[PDB]
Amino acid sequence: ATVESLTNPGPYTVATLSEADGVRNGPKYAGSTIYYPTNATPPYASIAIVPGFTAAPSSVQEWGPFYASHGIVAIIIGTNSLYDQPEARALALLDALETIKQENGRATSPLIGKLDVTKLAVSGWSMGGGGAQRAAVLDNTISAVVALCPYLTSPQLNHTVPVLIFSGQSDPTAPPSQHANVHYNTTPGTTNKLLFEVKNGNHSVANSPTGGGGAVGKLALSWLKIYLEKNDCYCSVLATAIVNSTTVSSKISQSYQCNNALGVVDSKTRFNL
């Protein structure tokens, strides 16, 4: 229940599963690795993560052990090129979530009976981060979105899913003024949302929780503890992590509501260089 609880490595032991073990082969993506805690108390929430178009899962793979070491199952999927559009990326993520849902009943799976399939999140890089936010539109029962330097040009983001957007100030591929910032502002004002731009960060800056000197992981994990796991003890943690993280940011926009130990906080603050 403190910003110290956001340490990389968390406390749980991490193991992995894949199609090599019998995991469902989802038709809408190319390969999965499931990172899961071996010694957390069931059930576990899950997050599905997808890299940008053409990019291999190794580009975002450090999120897997990070989230799983904190009790959150992570399914990282690859792509074979299909369509150069963030909407095929949304459907890939939804198919990854179906793989998680089936995994909860898969005979011989170490995760049989251990997944809370109503606590599902999505995350993605570049067009995968546009896809993650569109996945929330297409399936508004998803519990959180973590977008990593998202790319999506003509966004309709009509959803109520708490969404955390990371961006890179120096991102040439998905420049924040044309992407992340627009995604933040077109998401409904009543939707819980948070925008964090890494000062001088390139397009890859949120590909690992170590981005922003660790700020990326601290904010992402706090966000999921609150909105995916429904653990209000992490409301004040996120707030502290945000203040602590301003040193490495060039822009923060907050518009989210959160219950702490003493009451309700409706944060709408903005930081700019």
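Each residue number is its position in the shown sequence, starting from 1.
Quiz prompt | Of 243-251 and 41-49, the stretch whose C-alpha atoms average the higher B-factor in the entry | solution = Higher of the two, by average CA B-factor, is 243-251.
Quiz item: Which is higher in the entry, the mean Cα B factor of 81-89 or that of 193-201?
Solution: It is 81-89 that shows the higher mean C-alpha B-factor.
Practice problem: Sort 118, 187, 173, 133 by C-alpha B-factor from the entry and give me just the highest. | Solution: Top of the list by C-alpha B-factor: 173.
Quiz item: If you rank every modelled residue in this chain by C-alpha B factor, which third holds residue 230: lowest, middle or highest?
Solution: Highest third - that is where residue 230 ends up once the chain's C-alpha B-factors are sorted.
Practice problem: Could you look up the Cα B-factor of residue 107 in the entry and say which third of the chain it sits in: lowest, middle or highest? | Solution: Highest third of the chain for residue 107's C-alpha B-factor.
Exercise. Could you tell me which third, lowest, middle or highest, the C-alpha B-factor of residue 168 occupies within its chain?
Key: CA B-factor rank for residue 168: middle third.
Exercise. Place residue 25 in the lowest, middle or highest third of its chain's C-alpha B-factors, as listed in the PDB entry.
Key: It falls in the top third of the chain.
Quiz item: residue 155: which third of its chain by C-alpha temperature factor?
Solution: Highest third of the chain for residue 155's C-alpha B-factor.
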